[PDB]
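Examination of the molecular architecture
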Amino acid sequence: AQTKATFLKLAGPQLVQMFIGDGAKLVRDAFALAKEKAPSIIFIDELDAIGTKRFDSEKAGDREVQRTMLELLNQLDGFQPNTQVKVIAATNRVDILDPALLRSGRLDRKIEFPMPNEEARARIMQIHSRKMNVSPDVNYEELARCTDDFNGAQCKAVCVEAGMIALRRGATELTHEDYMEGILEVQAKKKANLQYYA
Amino acid sequence: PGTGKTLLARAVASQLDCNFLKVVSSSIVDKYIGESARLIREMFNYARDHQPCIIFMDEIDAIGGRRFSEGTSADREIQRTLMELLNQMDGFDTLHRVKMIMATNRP
Amino acid sequence: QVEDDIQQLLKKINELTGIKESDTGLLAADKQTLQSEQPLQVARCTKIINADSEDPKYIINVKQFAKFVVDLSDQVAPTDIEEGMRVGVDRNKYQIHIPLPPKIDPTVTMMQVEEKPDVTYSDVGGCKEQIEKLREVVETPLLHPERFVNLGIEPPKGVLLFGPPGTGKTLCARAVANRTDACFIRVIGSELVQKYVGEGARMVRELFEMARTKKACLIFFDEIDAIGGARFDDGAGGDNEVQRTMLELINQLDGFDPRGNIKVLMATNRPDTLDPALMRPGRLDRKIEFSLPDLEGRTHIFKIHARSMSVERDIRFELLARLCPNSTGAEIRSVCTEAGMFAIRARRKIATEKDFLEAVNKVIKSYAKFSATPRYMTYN
Amino acid sequence: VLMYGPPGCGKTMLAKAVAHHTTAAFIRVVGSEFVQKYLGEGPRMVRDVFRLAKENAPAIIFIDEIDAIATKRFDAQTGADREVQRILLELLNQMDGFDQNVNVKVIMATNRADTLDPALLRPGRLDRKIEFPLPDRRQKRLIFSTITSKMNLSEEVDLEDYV
Amino acid sequence: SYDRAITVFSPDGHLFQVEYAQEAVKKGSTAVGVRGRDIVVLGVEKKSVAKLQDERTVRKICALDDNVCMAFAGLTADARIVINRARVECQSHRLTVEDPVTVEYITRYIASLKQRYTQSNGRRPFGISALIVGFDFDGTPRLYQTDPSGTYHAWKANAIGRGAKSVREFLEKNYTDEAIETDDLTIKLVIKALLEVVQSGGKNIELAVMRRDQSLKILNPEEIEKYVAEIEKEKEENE
Amino acid sequence: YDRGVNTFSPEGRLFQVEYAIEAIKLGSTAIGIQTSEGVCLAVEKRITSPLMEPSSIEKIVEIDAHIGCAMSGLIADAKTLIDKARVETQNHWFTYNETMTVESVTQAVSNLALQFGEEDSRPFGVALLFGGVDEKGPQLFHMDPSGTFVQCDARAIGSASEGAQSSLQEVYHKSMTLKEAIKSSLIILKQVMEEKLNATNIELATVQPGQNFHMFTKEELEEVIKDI
Amino acid sequence: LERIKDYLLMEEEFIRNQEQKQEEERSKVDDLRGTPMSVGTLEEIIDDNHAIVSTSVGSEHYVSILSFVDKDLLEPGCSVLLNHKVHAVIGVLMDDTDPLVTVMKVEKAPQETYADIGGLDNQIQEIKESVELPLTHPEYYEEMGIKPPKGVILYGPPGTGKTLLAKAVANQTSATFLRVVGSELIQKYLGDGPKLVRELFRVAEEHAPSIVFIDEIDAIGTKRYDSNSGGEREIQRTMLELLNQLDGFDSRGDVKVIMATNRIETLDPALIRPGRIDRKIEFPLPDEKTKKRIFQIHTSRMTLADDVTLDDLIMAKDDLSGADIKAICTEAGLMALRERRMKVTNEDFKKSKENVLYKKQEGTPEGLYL
Amino acid sequence: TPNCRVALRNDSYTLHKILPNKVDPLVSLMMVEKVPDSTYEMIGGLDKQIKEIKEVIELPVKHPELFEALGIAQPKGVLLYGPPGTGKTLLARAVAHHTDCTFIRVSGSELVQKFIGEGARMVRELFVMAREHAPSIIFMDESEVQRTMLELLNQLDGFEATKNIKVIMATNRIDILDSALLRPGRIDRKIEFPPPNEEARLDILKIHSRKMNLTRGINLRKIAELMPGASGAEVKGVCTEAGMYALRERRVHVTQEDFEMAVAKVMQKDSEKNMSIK
Ligand SMILES: Nc1ncnc2c1ncn2[C@@H]1O[C@H](COP(=O)(O)OP(=O)(O)OP(O)(O)=S)[C@@H](O)[C@H]1O
Ligand SMILES: Nc1ncnc2c1ncn2[C@@H]1O[C@H](COP(=O)(O)OP(=O)(O)OP(O)(O)=S)[C@@H](O)[C@H]1O
């Protein structure tokens, strides 16, 4: 949204195709099309769909996935280097991948994502609640201090379910108890089990 | 991985500078029946003629494999494409000055 | 030689009757339109790679033959002949006529519902919280955007369902479809079970490409266990095609300019073995579940399954609802139909509460305790 | 005949020595040769092979890597499996009934004796089952005595102590 | 959760080998037992004489004392060990308190041993179910049965082995109030049970009696032929 | 998985104890109600055959002269526990010339209700109701296979315990009387049973401080049945 | 002596079966049809008198319909008649009567009717009022307004008459019958079970009201094969597709689904619940009295002397079946042709009795128990 | 006719003529098999099982009238069991030869499945080739093959058409195949296969050696008592490699010492003791 380079997206399973060898065609033509528009930012989504710790076995094995991955790697790095490609990849898990997918600088800057500790929770609540009309009798720091270990989407669910919990009344703008009951839906994972622990 | 297995052959590709047919060995198979076998025949004829040729096939394990108990059908033509190399690297007509440089991620 | 005679010469009289009958035997609707349609045109359809600049100069592969530089006929809309747009092309002149909507799939267009089953919210009694929250999610923003946008809040795109087998996931899903006012789409979770690699990716593709064109539509997933439980890793390469199908479903579900105006209702009978990538909200917000009918909702299900039958008025409903705490509405339906069948075993026309006694004391004993058989005390 | 075994036991090498010391016509056949771009070349190629085999002589053909042809499993919807299937059928129907007298000798050779249809290893088709096993202590001594005769060999270096 | 082992439950609260070990009894030979008012009598079926050997060693009805009588089902070896232990238990009880051994105490012993044998680590439970008949307290006829779980369970008549539901169902339609005594009617009751047996071959019937005061008496295959003859006479008189 | 007593769950818990609590459910029901006049108690026998002699199946046994019991589940684990309590009560009277109170009885039973161990066997499969009169009046006591013992005022067990507890909390309050609680209990019994209530189906066990001996009702229970 | 009428009627039947212009408008429609009337396949239908077809190799055209045969006959996924000259859609072709129909759609009411039972007359009445009365006389569902019961389960010992009752409902029938053996639902590919489920029950749903009978369905949960790709994480997918197929959506139709098992314990509790299956039906080995009815029926058309009592074959064995009694009859016939007699005597029954009880019911080598 | 080539013109697509010599599909599957074609004169050394399978197969074929006269149900599945090499396949082939029934061996191939239908969904198009080729004897080898046999026998028992449709499976290890399969109203005549005894090995030797070029002067019972029990096709190997032993000494006559070497050649099947234990 902010930068204005030739930006390019890519999903994981969109690469592997029913026939044998079409992923090589697809990734090679993708690199060509991005290279002919040199300020090129390639976005990769779910690399772990095609990134796999490969295996030697018998009687079974799914091969062409590693063929498309080796296409990606070799046309990415090594012989015939390029200077104008920019890569952004995003996975949800890590150790599925080959070490030759990274190693140091197949992808260079290894960047993890932390979860909101305490303060960024109230920050994210403020961000998504910026559009709603609030009767501002709300300490968001209370809410960030009670909701432990949520993501941004769970705080968004808090925000929207608080809006429609206020709309259960339907009369007016947001109250603090609207946020409380939004939490009380987003919280659990309900247990309530309880037994043998006296 | 990352020991510069590529760049050593690339340094040879900046030392002899003769006929480096650096096959990436992943963009060979496209979709068809016997096209890859014909490309292998073409490379071996071309290497036979231009007498100082250097064969280089990076990331072999995609096209190599080992063997199967006959699972996915495309693996049949994979193994035939590999047995193309298995025959015509040795055959009966022995190659001459056909030096093959090979690199892998897991051998 | 009685029945032998009978069969033999009766079939012989039949055959001899047939022999003399085998011997005794010896438009303007649209035709002129069709002769006017021999001056019609063959109109082979094709596919477009790309245009050129300042001039059409269209580059087309048919589907199979080759690739050609062609030019349009002058009877086209000279704008809407864009890339990937399947168009009809002349045989001889290779000139283009009209774009038509593309290949959808050979058998994925065949899962739009194309009807509306008469399952009604009134038949799904005992889950009034589930009824009202499902109302709030699905029925309200898609028909009456009155309160959501006018304050500036969003409707939730995602809702999950599970519960005891026999509770009304089927009922709620079919019950929306009476009052859908939307392009409801059925998806079995086993539809992604194909032979060929990466085909479920194409399935998710054509699902959402049917979703995007027509606006304000419903897509119903069902039994999403087969879509995949987790992201298992082992040295043998097991659940992979299912896994990539699952992740592609996550991506073309939501992310990087997401879905738009689609509501997806998901159901399963084993939600605990689901990956967190589906479980994280935004993808699915309200995790609405089902419980057992614990109270006079049971009696309301009795009233549903009894209001369509002429009964004895001298009956109660809460007594048998006491006698079925753990039971499901499917088991309630079986008991009500079974008692009606007991009344049809009799030559009456109106049942008894004792017919309900027969149904209870026959089903819950014979087919909730003889499967499996006990032949041992050990307990009592 | 059929050759197999641990691969690297000179399976090609006996065919080498036979072809050098044969007399009649000798055809080598690439096992992967038959699957080619034209849709139908294979049966005509097998007919070329066997018509020439009956045509010449009581001659010898050596077909190595027949595992490229011999694969027991197929899938009759891909299309590419069906030509391999009919290449096997073309081979089968022209194997049992040559002439019973035209002594064509087709030496088949793989390394893997797993992916072979039991309809191939039949009496009349391939009677003998011959492996090339790994050598032992004295065969390696004899192999060393053969191979080391070409190098100049500083003659007080014993190689039996590495066997 | 699985058929191994004996130690863990099912997820719905069962023991597989406890439930499965009764099937070895349920596929076993049939042996019935009733109580009279004064004379108690029982018997096994399927003598199965295989024409070339003796059968005095295969006797499935024995005694621990002069006051108690045995029967079993399932496999024979567990019955051998349990009875050989129970004799020593009866005699150790006699070495203690000088009463004739009550049927209730020895059934508690056998079922208790069987249960604490089952609870232990990897011991295959005795797949038998014994019939323990005695009349001790002023000649009060008692018969208890056992279980592979080890539950003594007092009856008035009993039927185990193959097809025990049908054989017990005959005693449901047979056992009115005025059975005994009337010892002759108890005799004919045992005879009608043997006629209602799953095969009722006529010569494979082996029955033993106790008049609550005497010893165990093994009968003779001519008295039983007279019993089958008078039972067929009663069937003809029903016509 | 869960495969044995020596392995927790990722969330809790046993996962052997849970299957023992599940193995409570198979048994026949029983109901006891604590009343300050005295503890009343009831059970179902679930007779199979007419040959099955009804007074032979034990449900209420006598541990002490003022302490009753009722069993729910596996018969023989219950018999072992009754045996141990019968030993231990007598040892307490031996070493103290007094009656072991029923809470201390239950602590003694629940000392090895969970001492389950195969090395260094399985946990037991019965839940038990204890009724008795200590110095503080009558006591009604409810334990479990897991040894988590607590007092209950009117506990119901076994099969159909849910609606039993429901209709029990419907009818119960603190100041009940004796025969009212007796008929209130047997109403719930004939609501949860499948057979016609008669003299052979159920049995009562009534202990009172002035009527300590004979915690049983024999065929006057017929007269109690016919009053409904 | 009945061979004469048999052969003559058979030949007359064959010859009369082999016994199979004025209209000018019909000939003009013939002349609107080509002489090489080619054949194609549809993709989509457009209302403007022409639609899109596909050729054999994959050429596709906008070609119009000869409109005397209706376009409502045309559905996506049909084989049509095409021209050569403008390739116009000529008419409707009769469909590919695929080997699923020729294998599964049994046209034949197989064998003896409800007079071939043993120990029945309640379960007959159950399957009658649960299938036939919804089929033949559903006027009582008008009279009350209640759903018919849906699913039927036959379970008991092997040789009880699961096969016999399956042939009985297919005997008295007026609907299309389908039959599947439950061991077929695993193939040597990944994902072939759900395709079988969908095409099977689509063909079941397309023709008419019908009856689907599947037998030995327990052979999918407790069976493993080396001839299996994937495995349990494809067996579960097969089960889950059949799960959605049976208790799914969209007014499933008048297709009575009847199942039959030997064992019952290893089955999904989600598949024996009602909604799917409303009439579970016990098959016990019924009684020692209708042993005589099966001896009566299975010897109703064979000459036999008196010479025996069936009570001798009642007091021999404790478990009873038609698999017992028919084996007794066949082995008695083997002993009859062994001793070249008719009017079967007692010694054939005795040796047949002993040899059939031994082969097979004993268990296991001595001993054990005894 | 169904599936017949005809001469079709190319311009107007008019029928020209009928083309002969259509397909030969069962012949094609037969040539996929190449079973040892047999007759009675070669399975000597035993005639009991031959008479059993005569009584159970030739008698349904030659005389359906004798079965249908007394009104009995004819047998339809004969399970055979025994060790390999005792003529588990020569037997059924000689039976089907001396009754002229269409012999069928559906073993395990995609060749087979592609020639039944197109390997489409199941095997029950063999029933199409069973009824239409009504003298049908089907043969199977040694848990999937049994599953296919279970499908076949679950339809052909009384829920199908005119007989002479009988299947034959000959294997070992009788208990691993199903017991519901061995329901007595499903499989009748379980016929054992013996190891070849001394005179039986003698007769096998006389058959597999009679057609060769012997030395003038030979004995056979000594050779028959050398073997402690071979298979059927081991004695053939004995004879042919004794002929090889004759030809390596540049002779065409086969003495006894060729057999003395061939017995030792086949003897490497079993040796190896310090294994008596047992
Ligand atoms: N509350 C209810 N009221 C009325 N009918 C009900 C109710 N609950 C269940 N049913 C009946 O039970 C069936 C409902 O479908 P379900 O069995 O719930 O399908 P399902 O929820 O998808 O279960 P699965 O497929 O095992 S996850 C129909 O027969 C309904 O008539
Ligand atoms: N007995 C031997 N005496 C001398 N040299 C031998 C001997 N055995 C093997 N060799 C040498 O080792 C080589 C054996 O390999 P090849 O003959 O190439 O067999 P092959 O082609 O490798 O068959 P493979 O292993 O399936 S590719 C020969 O070329 C010889 O140089």
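Higher on the page you've got the structure.
The following paragraphs examine the structure supplied in this document.

1. A short note on the packing of aromatic side chains
Inspection of the entire model under this criterion finds 17 aromatic pairs over all chains. Seen in terms of ring centroids, A:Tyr196 and A:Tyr197 are 6.4 Å apart; in terms of plane orientation they differ by 40°. Their pairing is tilted. Between the aromatic rings of C:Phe68 and C:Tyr94, the centroid separation amounts to 4.7 Å while the plane-to-plane angle is 65°, which identifies the pairing as edge-to-face. Within this pair, whereas C:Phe68 is found in strand β4 (residues 67-70), its partner C:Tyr94 is found in the loop between β5 (87-89) and β6 (96-99), the two being separated by 26 residues in sequence. On the accessibility criterion, C:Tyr94 (23% relative accessible area) is partly exposed. Every member of this aromatic cluster is reached through a ring pair, and the members are A:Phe7, A:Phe43 and C:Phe256. Above the face of the B:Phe56 ring, B:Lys22 is positioned so that its terminal group lies 5.4 Å from the ring centre.

2. A few points about the interface of chain C and chain G
On the chain G side, the residues contacting the 70 residues of chain C number 67 residues. Elements represented by at least two residues in the side of chain C that touches chain G include exactly α1 (3-24), α2 (31-36), β1 (44-45), α5 (169-176), β8 (183-188), β9 (217-222), α7 (241-253) and α11 (329-345) of chain C. Here the side of chain C that touches chain G gets eleven residues from one element, more than from any other, and that element is α11(C).

3. Re the site of ligand 1
By nearness alone, 18 residues border ligand 1, and C:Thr167, C:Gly168, C:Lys169, C:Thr170 and G:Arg273 come closest of all. Lying at an intersection of chains, ligand 1 is approached by residues of chains C and G. One of the backbone nitrogen or oxygen atoms of C:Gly166 is found 3.4 Å away from a nitrogen atom of ligand 1. Across the complex, the protein chains shield 93% of the 630 Å² of accessible surface that ligand 1 would expose by itself. At the level of elements, α5, α9 (297-307) and α11 of chain C are the ones that each hand at least two residues to the shell around ligand 1. Sorting elements by how many residues they give to the shell around ligand 1 places α5(C) first, with three residues.

4. Side note on the arrangement of the chains
Ranked by contact count, the leading pair among the 13 pairs of chains in contact consists of chains C and G. The two units chain D and chain E never meet; even their closest C-alpha atoms stay 37 Å apart. What separates chain F from chain G at the closest point of their C-alpha atoms is a distance of 17 Å, and the two make no contact.

5. Topic: a negative patch on the surface
Judged by side-chain charge, A:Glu118, A:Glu119, A:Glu141, A:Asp148 and A:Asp149 come together as a negatively charged surface patch. Looking at A:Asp148, the relative accessible area reads 51%, which means it is exposed.

6. Here's the deal with the side chain of A:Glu71
Along the chain, the position of A:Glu71 falls in helix α3 (residues 64-76). One buried charge, A:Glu71, has no salt-bridge partner; the nearest side chain with opposite charge is A:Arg28, at 5.0 Å. Setting aside anything within four residues of it in sequence, one finds A:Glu71 in contact with A:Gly23, A:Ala24, A:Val27, A:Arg28, A:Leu76, B:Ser26, B:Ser27 and B:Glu59.

7. Thoughts on the sheet that holds strand β4 (residues 102-105) of chain H
Sheets are built from strands that pair by backbone hydrogen bonding, the pairs being arranged parallel or antiparallel. Residues and elements named next belong to chain H. Strands sit in the order β3-β6-β5-β4 across an open sheet of four strands; the sheet is parallel. Edge strands, defined here as strands with exactly one partner in the open sheet, are β3 (77-81) and β4. Looking at each pair of strands side by side, their axes are set apart by 20° on average, direction ignored. Taken together, the five bridges between strand β5 (residues 136-140) and strand β6 (residues 165-171) define a ladder with parallel strand orientation. Across the sheet, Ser136 pairs through a bridge with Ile165, a residue of β6.

8. Considerations on the side chain of G:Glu241
Here G:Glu241 shows up in helix α8 (residues 232-246). Excluding residues within four positions of it along the chain, G:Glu241 makes contact with C:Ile188, C:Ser190, G:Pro194, G:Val197 and G:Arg198.

9. As for the sheet that holds strand β4 (residues 131-135) of chain E
Residue and element names in this part refer to chain E. Spatially, β3-β4-β5-β6 is the arrangement adopted by the four strands of the open sheet, whose pairing is antiparallel. Strand pairing shows two members of the sheet lacking a second neighbour, β3 (68-69) and β6 (153-155), which therefore form its edges. In this structure, β3 lies alongside β4, joined through two bridges in antiparallel fashion. What sits directly across from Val68, in β4, is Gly134. Running over the sheet, helix α3 (residues 103-118) touches β4 and β5 (141-145) and is turned about 5° from β5.

10. Observations regarding the packing of α11(C) against helix α4 (residues 123-135) of chain G
Where α11(C) contacts α4(G), the axes come no closer than 12 Å and their chain directions differ by 100°. Relative to α4(G), α11(C) is oriented roughly perpendicular. Contact with α11(C), carried on its side by C:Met341, C:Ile344 and C:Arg345, involves G:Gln125, G:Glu126, G:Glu129 and G:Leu133 of α4(G) and no other residues of that element.

11. Some points on the nonpolar core
Of all hydrophobic cores here, the largest spans 52 residues; its most connected members are D:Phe34, D:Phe50, D:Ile61, D:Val106, D:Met108 and H:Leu181. Examining the composition of this core, we find that six residues originate from one element, helix α3 (residues 80-93) of chain D, more than from any other. Beyond its immediate chain neighbours, meaning those up to four positions away, H:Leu181 contacts H:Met149, H:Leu150, H:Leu153, H:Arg186 and H:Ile187. Counting 33 residues, the second-largest nonpolar core is a separate cluster that includes G:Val103, G:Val197, G:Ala204 and G:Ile220.

Rules and cut-offs
Residues numbered from 1 in each chain as written, not as in the entry; some residues may be left out. Chains lettered and ligands numbered in written order. Part of a larger assembly, values for the part shown. Heavy atoms only, no water. Residues with missing side-chain atoms left out of burial classes, pairs and counts. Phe/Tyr/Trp six-rings, centres within 6.5 Å; stacked < 30°, edge-to-face > 60°. Helix = DSSP H or I, 4+ residues; strand = E, 2+ residues; numbered from the N terminus. Buried < 20%, exposed > 50% of the residue type's maximum accessible area, 1.4 Å probe, protein only. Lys NZ or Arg CZ within 6 Å of the ring centre and 35° of its normal. Contact = heavy atoms within 4.5 Å. Near = heavy atom within 4 Å. Polar contact = N/O pair within 3.5 Å; in protein donor to acceptor, adjacent residues only side chain to side chain. Areas by Shrake-Rupley, 256 points an atom, 1.4 Å probe, with all protein chains shown as cover. Patch = residues over 30% accessible without salt bridge, like charges linked within 9 Å, V, L, I, M, F, W, Y side chains within 5 Å. Salt bridge = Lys/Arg side-chain N within 4 Å of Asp/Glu carboxyl O. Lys, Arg positive; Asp, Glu negative; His and termini not counted. Charge placed at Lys NZ, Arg CZ, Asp CG, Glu CD. Pairing = 2+ DSSP bridges. Axes fitted to C-alpha atoms, helices over the stretch in contact; angles between N-to-C directions. Parallel < 35°, antiparallel > 145°, perpendicular 65-115°, else oblique. Core = buried A, V, L, I, M, F, W, Y, C linked by side-chain atoms within 4.5 Å.

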